[PDB]
Amino acid sequence: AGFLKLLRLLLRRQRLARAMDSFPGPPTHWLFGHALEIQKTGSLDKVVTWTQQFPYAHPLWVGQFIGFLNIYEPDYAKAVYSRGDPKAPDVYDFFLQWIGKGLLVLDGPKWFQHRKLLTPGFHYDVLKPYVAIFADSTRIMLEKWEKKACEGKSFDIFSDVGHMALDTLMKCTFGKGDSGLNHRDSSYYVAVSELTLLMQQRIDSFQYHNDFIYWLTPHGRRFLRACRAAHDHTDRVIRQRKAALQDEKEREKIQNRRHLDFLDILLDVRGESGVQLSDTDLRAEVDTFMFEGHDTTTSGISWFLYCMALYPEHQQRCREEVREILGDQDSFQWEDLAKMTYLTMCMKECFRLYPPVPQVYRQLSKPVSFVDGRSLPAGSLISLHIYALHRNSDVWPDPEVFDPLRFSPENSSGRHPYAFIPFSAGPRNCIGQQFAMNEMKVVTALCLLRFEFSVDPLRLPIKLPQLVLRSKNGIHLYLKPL
Ligand code: HEM
Ligand SMILES: CCCCc1ccc(N/C=N\O)c(C)c1
């Protein structure tokens with residue numbers, strides 16, 4: 001009985017280890033594989049030095065039973081991430097208790113169904129009205145920030161940006177009305193923190209990899225408590241909207257619109273979806289999009305404002321660009337976001353050096369041959385290291401240098417299409433990319449018009465992976481009103 005399970009395990013690792021025989025790599029500890037380096041602070045930068053020692057790719061082991069091929073070169077990236085192979089179950093299985101089998105984790109033709117269902121929810125006609133909402137939520141955040149700034153001390157902006165991103169996500173895509181944040185929404189935010197802290201730690205800690213053992217550890221119990229808290233939040237948001245649509249005034253109003261917001265699509269009002277969702281399939285897409293359409297943009301906004309603080313020259317250039325575009329308008333219009341070409345460049349360079357998602361994974365369903373002759377069989381595990389990809393010395397002159405002009409029209413024409421993929425690429429790219437970009441542009445444009453941002457030399461951020469890219473100590477900045 002149990003004997004089979006242990007043998008199925010030991011065969012898999014000789015399979016994975018032999019398929020990577022073509023690929024030299026760093027030294028393994030006998031028990032931990034590479035885990036003792038990965039768990040060290042700064043390990044993203046350690047992986048970068050590895051990519052210079054080993055071109056294209058190198059193996060990566062958490063504790064001797066699971067072995068990934070870390071990849072970080074554009075042809076290698078493209079060979080795999082253009083194909084739609086499944087997400088790595090060893091990594092993505094951990095998601096299930098929390099966000100379930102929603103879009104992120106699915107892989108079948110069921111994935112294509114949901115992707116087809118949900119993609120019109122991020123069409124630009126659905127997005128145009130969100131610009132006003134981004135502005136309102138940002139205004140609330142900035143009024144808080146104005147009070148903190150005139151106290152003269154630096155403070156962590158990450159959490160305030162998150163509360164704002166969560167509120168705006170819910171007003172846009174989950175039907176929440178103008179009421180704004182409630183103490184129960186903050187409960188949810190805190191729980192996401194615990195979920196991503198713990199699940200990242202689980203990814204890196206091979207002893208927690210087996211389901212049965214993990215749910216008996218304090219770690220796993222803490223995770224399940226947070227999963228309940230996340231589910232109490234999403235059950236509420238679902239019941240709230242179903243009930244709001246029982247009102248005859250609101251229900252007729254939604255039908256009139258050609259374009260439906262994301263939660264209303266899932267609820268299949270108008271019968272148009274033609275695909276019937278289980279109660280749990282819908283709970284999972286809500287869980288999924290409630291993690292995804294806000295934790296990442298919080299990382300992005302916050303690392304950007306840090307990059308503005310580090311580089312006042314570019315900060316001031318962006319401040320001037322957005323000042324002219326707004327002119328005398330009350331608030332930015334959707335049409336205005338395309339004019340923000342220099343803000344966009346700086347934002348792209350921010351995402352090169354501080355990718356909001358630094359690492360994603362796949363398990364191949366078919367073999368793949370790489371531009372240099374090497375190859376892998378089906379069954380093998382891939383680790384796309386977006387962090388080291390964006391820092392690759394054969395692709396990026398002076399990789400550690402912040403230079404927005406790398407994303408001018410001129411210096412972009414030649415560039416390889418898989419060199420810069422912070423929203424991934426291929427069939428499993430980010431469904432929310434244009435949502436994020438428009439949100440982040442409105443938020444940061446308004447931030448720079450109302451404050452000048454300085455770093456704090458005594459508390460510079462330190463990089464911390466937590467599924468999204470966070471900081472060990474927050475993002476502490478000084479703010480000057482204007
Ligand atoms: C949900 C969701 C997906 C899955 C879409 C699908 O599978 O069809 C998605 C994908 C990605 C990926 C790939 C994930 C992987 O390889 O495991 C990356 C790297 C990424 C990065 C960012 N996303 Fe995203 N994303 C989903 C949802 C959202 C939403 C939802 C409203 C927004 C907004 C958004 C934004 C960003 C983002 C912004 C800074 C980054 C980076 N994503 N997504
Ligand atoms: C398995 C480690 C990374 C998994 C992962 C994949 C996608 C997202 N987000 C995508 N858009 O928001 C996050 C936040 C994480």
# chains A, B, ... in the order shown; residues from 1 in each chain; ligands from 1
$ residues_around --residues "region 196-200 of chain A" --least-positions-apart "3" --cutoff "9 Å" --atoms "only C-alpha atoms" --output "MDAnalysis selection string"
chainID A and resid 94:95 191:193 203:205 219:220 222:223 465:468
$ write_last_selection --atoms "N, CA and C atoms" --output "CSV table (one decimal), in the first residue's frame"
chain,number,residue,atom,x,y,z
A,94,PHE,N,-0.2,23.7,-3.8
A,94,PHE,CA,-0.3,24.4,-2.5
A,94,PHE,C,-1.4,25.4,-2.5
A,95,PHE,N,-1.7,25.9,-3.7
A,95,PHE,CA,-2.7,26.9,-3.9
A,95,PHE,C,-4.1,26.4,-3.6
A,191,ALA,N,-4.9,38.4,6.0
A,191,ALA,CA,-4.9,37.0,5.8
A,191,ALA,C,-4.1,36.7,4.5
A,192,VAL,N,-4.2,37.5,3.5
A,192,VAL,CA,-3.4,37.3,2.3
A,192,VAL,C,-2.0,37.3,2.6
A,193,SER,N,-1.5,38.3,3.4
A,193,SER,CA,-0.2,38.3,3.9
A,193,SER,C,0.3,37.0,4.5
A,203,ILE,N,7.0,26.4,-0.4
A,203,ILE,CA,7.6,26.1,-1.7
A,203,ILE,C,9.1,25.9,-1.5
A,204,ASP,N,9.8,26.6,-0.6
A,204,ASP,CA,11.2,26.5,-0.3
A,204,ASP,C,11.6,25.5,0.7
A,205,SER,N,10.6,24.8,1.4
A,205,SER,CA,10.9,24.0,2.5
A,205,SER,C,10.4,22.5,2.2
A,219,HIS,N,2.7,25.1,11.1
A,219,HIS,CA,2.7,25.9,9.8
A,219,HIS,C,1.4,25.6,9.1
A,220,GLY,N,1.2,24.4,8.7
A,220,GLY,CA,0.0,24.0,8.0
A,220,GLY,C,-1.3,24.4,8.7
A,222,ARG,N,-1.7,27.0,10.7
A,222,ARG,CA,-1.8,28.4,10.5
A,222,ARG,C,-2.3,28.8,9.1
A,223,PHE,N,-1.8,28.0,8.0
A,223,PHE,CA,-2.3,28.2,6.7
A,223,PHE,C,-3.8,28.0,6.6
A,465,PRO,N,10.9,37.5,-1.5
A,465,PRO,CA,9.8,36.8,-2.3
A,465,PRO,C,8.7,36.3,-1.3
A,466,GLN,N,7.5,36.6,-1.7
A,466,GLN,CA,6.3,36.1,-1.1
A,466,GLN,C,5.2,36.0,-2.2
A,467,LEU,N,5.6,35.1,-3.2
A,467,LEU,CA,4.8,34.9,-4.4
A,467,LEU,C,4.9,36.2,-5.3
A,468,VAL,N,4.5,37.3,-4.7
A,468,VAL,CA,4.8,38.6,-5.3
A,468,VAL,C,6.1,39.0,-4.7
$ residues_around --residues "residue 403 (chain A)" --least-positions-apart "4" --cutoff "10 Å" --atoms "only C-alpha atoms" --output "MDAnalysis selection string"
chainID A and resid 314 345:346 348:350 398:399 407
$ write_last_selection --atoms "C-alpha atoms" --output "compact mmCIF listing (two decimals), in the first residue's frame"
# COMPACT_ATOMS: atom_id res chain seq x y z
CA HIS A 314 13.29 60.45 -13.67
CA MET A 345 9.08 53.60 -19.76
CA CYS A 346 10.06 54.13 -16.13
CA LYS A 348 8.79 49.04 -17.43
CA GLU A 349 12.32 49.54 -16.11
CA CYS A 350 10.94 49.23 -12.59
CA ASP A 398 24.73 47.18 -17.65
CA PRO A 399 21.95 45.02 -16.17
CA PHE A 407 12.07 51.08 -23.48
$ residues_around --residues "residue 22 (chain A)" --least-positions-apart "5" --cutoff "10 Å" --atoms "only C-alpha atoms" --output "list in words"
residues 17, 58, 59, 374, 375 and 376 of chain A
$ residues_near_ligand --ligand "ligand 2" --cutoff "10 Å" --atoms "only C-alpha atoms and all ligand atoms" --output "NGL selection string"
:A and (87-95 or 104-105 or 196 or 199-200 or 203 or 288-299 or 356-362 or 383-384 or 422-424 or 428-433 or 436 or 465-469)
$ select_by_dssp --residues "region 143-390 of chain A" --states "alpha helix (DSSP H)" --output "JSON, numbers by chain"
{"A": [143, 144, 145, 146, 147, 148, 149, 158, 159, 160, 161, 162, 163, 164, 165, 166, 167, 168, 169, 170, 171, 172, 173, 183, 184, 185, 186, 187, 188, 189, 190, 191, 192, 193, 194, 195, 196, 197, 198, 199, 200, 201, 202, 203, 204, 211, 212, 213, 214, 218, 219, 220, 221, 222, 223, 224, 225, 226, 227, 228, 229, 230, 231, 232, 233, 234, 235, 236, 237, 238, 239, 240, 241, 242, 243, 244, 248, 249, 250, 251, 252, 253, 254, 255, 256, 262, 263, 264, 265, 266, 279, 280, 281, 282, 283, 284, 285, 286, 287, 288, 289, 290, 291, 292, 293, 294, 295, 296, 297, 298, 299, 300, 301, 302, 303, 304, 305, 306, 307, 308, 309, 310, 312, 313, 314, 315, 316, 317, 318, 319, 320, 321, 322, 323, 324, 325, 326, 341, 342, 343, 344, 345, 346, 347, 348, 349, 350, 351, 352, 353, 386, 387, 388, 389]}
$ residues_around --residues "residue 62 (chain A)" --least-positions-apart "3" --cutoff "9 Å" --atoms "only C-alpha atoms" --output "ChimeraX atom specification"
/A:31-36,38,65-68,203-206
$ write_last_selection --atoms "N, CA, C and O atoms" --output "PDB file, in the first residue's frame"
ATOM      1  N   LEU A  31      20.943  16.761   1.917  1.00  0.00           N
ATOM      2  CA  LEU A  31      19.544  16.717   2.332  1.00  0.00           C
ATOM      3  C   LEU A  31      18.712  17.832   1.714  1.00  0.00           C
ATOM      4  O   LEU A  31      17.585  17.587   1.266  1.00  0.00           O
ATOM      5  N   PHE A  32      19.247  19.048   1.680  1.00  0.00           N
ATOM      6  CA  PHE A  32      18.468  20.227   1.366  1.00  0.00           C
ATOM      7  C   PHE A  32      18.525  20.631  -0.100  1.00  0.00           C
ATOM      8  O   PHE A  32      17.851  21.590  -0.486  1.00  0.00           O
ATOM      9  N   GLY A  33      19.266  19.907  -0.932  1.00  0.00           N
ATOM     10  CA  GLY A  33      19.459  20.369  -2.289  1.00  0.00           C
ATOM     11  C   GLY A  33      20.036  21.762  -2.219  1.00  0.00           C
ATOM     12  O   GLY A  33      21.022  22.010  -1.506  1.00  0.00           O
ATOM     13  N   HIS A  34      19.383  22.700  -2.910  1.00  0.00           N
ATOM     14  CA  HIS A  34      19.797  24.095  -2.929  1.00  0.00           C
ATOM     15  C   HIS A  34      19.063  24.966  -1.898  1.00  0.00           C
ATOM     16  O   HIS A  34      19.278  26.184  -1.863  1.00  0.00           O
ATOM     17  N   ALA A  35      18.251  24.362  -1.026  1.00  0.00           N
ATOM     18  CA  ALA A  35      17.311  25.119  -0.206  1.00  0.00           C
ATOM     19  C   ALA A  35      18.001  26.058   0.761  1.00  0.00           C
ATOM     20  O   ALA A  35      17.446  27.115   1.087  1.00  0.00           O
ATOM     21  N   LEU A  36      19.186  25.699   1.252  1.00  0.00           N
ATOM     22  CA  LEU A  36      19.804  26.542   2.265  1.00  0.00           C
ATOM     23  C   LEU A  36      20.302  27.852   1.680  1.00  0.00           C
ATOM     24  O   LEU A  36      20.435  28.836   2.419  1.00  0.00           O
ATOM     25  N   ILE A  38      18.538  29.231  -1.066  1.00  0.00           N
ATOM     26  CA  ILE A  38      17.295  29.887  -1.444  1.00  0.00           C
ATOM     27  C   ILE A  38      16.668  30.566  -0.237  1.00  0.00           C
ATOM     28  O   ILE A  38      16.070  31.648  -0.347  1.00  0.00           O
ATOM     29  N   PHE A  65      14.270  15.576  -3.527  1.00  0.00           N
ATOM     30  CA  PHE A  65      13.234  14.829  -4.239  1.00  0.00           C
ATOM     31  C   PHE A  65      12.641  15.571  -5.429  1.00  0.00           C
ATOM     32  O   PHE A  65      12.222  14.910  -6.387  1.00  0.00           O
ATOM     33  N   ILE A  66      12.637  16.912  -5.419  1.00  0.00           N
ATOM     34  CA  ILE A  66      12.096  17.717  -6.514  1.00  0.00           C
ATOM     35  C   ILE A  66      13.235  18.496  -7.159  1.00  0.00           C
ATOM     36  O   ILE A  66      14.004  19.177  -6.462  1.00  0.00           O
ATOM     37  N   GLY A  67      13.326  18.408  -8.490  1.00  0.00           N
ATOM     38  CA  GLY A  67      14.337  19.102  -9.251  1.00  0.00           C
ATOM     39  C   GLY A  67      13.759  19.822 -10.449  1.00  0.00           C
ATOM     40  O   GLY A  67      13.175  19.217 -11.362  1.00  0.00           O
ATOM     41  N   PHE A  68      13.929  21.136 -10.441  1.00  0.00           N
ATOM     42  CA  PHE A  68      13.492  21.999 -11.525  1.00  0.00           C
ATOM     43  C   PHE A  68      14.684  22.321 -12.425  1.00  0.00           C
ATOM     44  O   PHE A  68      15.836  22.296 -11.991  1.00  0.00           O
ATOM     45  N   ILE A 203       6.951  26.413  -0.419  1.00  0.00           N
ATOM     46  CA  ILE A 203       7.635  26.149  -1.693  1.00  0.00           C
ATOM     47  C   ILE A 203       9.120  25.850  -1.469  1.00  0.00           C
ATOM     48  O   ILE A 203       9.697  24.946  -2.089  1.00  0.00           O
ATOM     49  N   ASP A 204       9.752  26.603  -0.576  1.00  0.00           N
ATOM     50  CA  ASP A 204      11.178  26.521  -0.319  1.00  0.00           C
ATOM     51  C   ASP A 204      11.559  25.495   0.733  1.00  0.00           C
ATOM     52  O   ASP A 204      12.750  25.350   1.007  1.00  0.00           O
ATOM     53  N   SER A 205      10.598  24.813   1.355  1.00  0.00           N
ATOM     54  CA  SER A 205      10.866  23.954   2.509  1.00  0.00           C
ATOM     55  C   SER A 205      10.372  22.543   2.213  1.00  0.00           C
ATOM     56  O   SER A 205       9.194  22.239   2.419  1.00  0.00           O
ATOM     57  N   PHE A 206      11.282  21.666   1.784  1.00  0.00           N
ATOM     58  CA  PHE A 206      10.850  20.389   1.234  1.00  0.00           C
ATOM     59  C   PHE A 206      10.158  19.493   2.270  1.00  0.00           C
ATOM     60  O   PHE A 206       9.359  18.628   1.881  1.00  0.00           O
TER      61      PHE A 206
END
$ closest_residue --among "A:12, A:78, A:339, A:101" --to "residue 389 (chain A)" --atoms "only C-alpha atoms"
A:78
$ decode --residues "region 88-104 of chain A" --atoms "N, CA, C and O atoms" --output "tab-separated table (two decimals), in the first residue's frame"
chain	number	residue	atom	x	y	z
A	88	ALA	N	3.28	23.64	-12.86
A	88	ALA	CA	3.93	22.59	-12.08
A	88	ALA	C	3.06	22.18	-10.88
A	88	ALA	O	2.83	22.99	-9.97
A	89	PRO	N	2.53	20.95	-10.85
A	89	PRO	CA	1.69	20.57	-9.70
A	89	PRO	C	2.45	20.60	-8.40
A	89	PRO	O	1.88	20.96	-7.37
A	90	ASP	N	3.74	20.32	-8.41
A	90	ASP	CA	4.43	20.32	-7.15
A	90	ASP	C	4.37	21.70	-6.50
A	90	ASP	O	4.09	21.82	-5.32
A	91	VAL	N	4.64	22.75	-7.27
A	91	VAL	CA	4.45	24.12	-6.80
A	91	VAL	C	3.02	24.65	-6.62
A	91	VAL	O	2.71	25.27	-5.62
A	92	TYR	N	2.16	24.39	-7.60
A	92	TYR	CA	0.84	25.04	-7.65
A	92	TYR	C	-0.24	24.31	-6.87
A	92	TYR	O	-1.33	24.84	-6.67
A	93	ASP	N	0.06	23.10	-6.44
A	93	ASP	CA	-0.88	22.30	-5.66
A	93	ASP	C	-1.18	22.97	-4.33
A	93	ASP	O	-2.27	22.84	-3.79
A	94	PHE	N	-0.19	23.68	-3.81
A	94	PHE	CA	-0.29	24.36	-2.52
A	94	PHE	C	-1.40	25.41	-2.54
A	94	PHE	O	-1.95	25.75	-1.50
A	95	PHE	N	-1.70	25.92	-3.72
A	95	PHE	CA	-2.74	26.91	-3.93
A	95	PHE	C	-4.14	26.41	-3.56
A	95	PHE	O	-5.01	27.20	-3.20
A	96	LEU	N	-4.36	25.10	-3.66
A	96	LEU	CA	-5.70	24.54	-3.74
A	96	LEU	C	-6.61	24.83	-2.54
A	96	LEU	O	-7.80	25.12	-2.72
A	97	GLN	N	-6.07	24.76	-1.34
A	97	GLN	CA	-6.85	25.04	-0.13
A	97	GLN	C	-7.32	26.49	-0.05
A	97	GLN	O	-8.27	26.80	0.65
A	98	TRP	N	-6.60	27.37	-0.72
A	98	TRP	CA	-6.82	28.81	-0.65
A	98	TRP	C	-7.61	29.31	-1.85
A	98	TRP	O	-8.74	29.78	-1.67
A	99	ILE	N	-7.09	29.20	-3.08
A	99	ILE	CA	-7.78	29.73	-4.25
A	99	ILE	C	-8.32	28.65	-5.15
A	99	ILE	O	-8.99	28.95	-6.15
A	100	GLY	N	-8.06	27.39	-4.84
A	100	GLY	CA	-8.76	26.34	-5.54
A	100	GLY	C	-8.37	26.21	-6.98
A	100	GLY	O	-7.31	26.64	-7.43
A	101	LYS	N	-9.26	25.58	-7.73
A	101	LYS	CA	-8.99	25.32	-9.14
A	101	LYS	C	-9.62	26.39	-10.01
A	101	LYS	O	-10.46	26.14	-10.84
A	102	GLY	N	-9.16	27.62	-9.78
A	102	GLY	CA	-9.48	28.73	-10.65
A	102	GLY	C	-8.49	28.83	-11.78
A	102	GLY	O	-7.66	27.95	-12.01
A	103	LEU	N	-8.56	29.97	-12.47
A	103	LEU	CA	-7.86	30.16	-13.75
A	103	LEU	C	-6.36	29.92	-13.62
A	103	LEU	O	-5.71	29.40	-14.54
A	104	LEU	N	-5.78	30.31	-12.49
A	104	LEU	CA	-4.33	30.30	-12.36
A	104	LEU	C	-3.79	28.89	-12.39
A	104	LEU	O	-2.70	28.64	-12.92
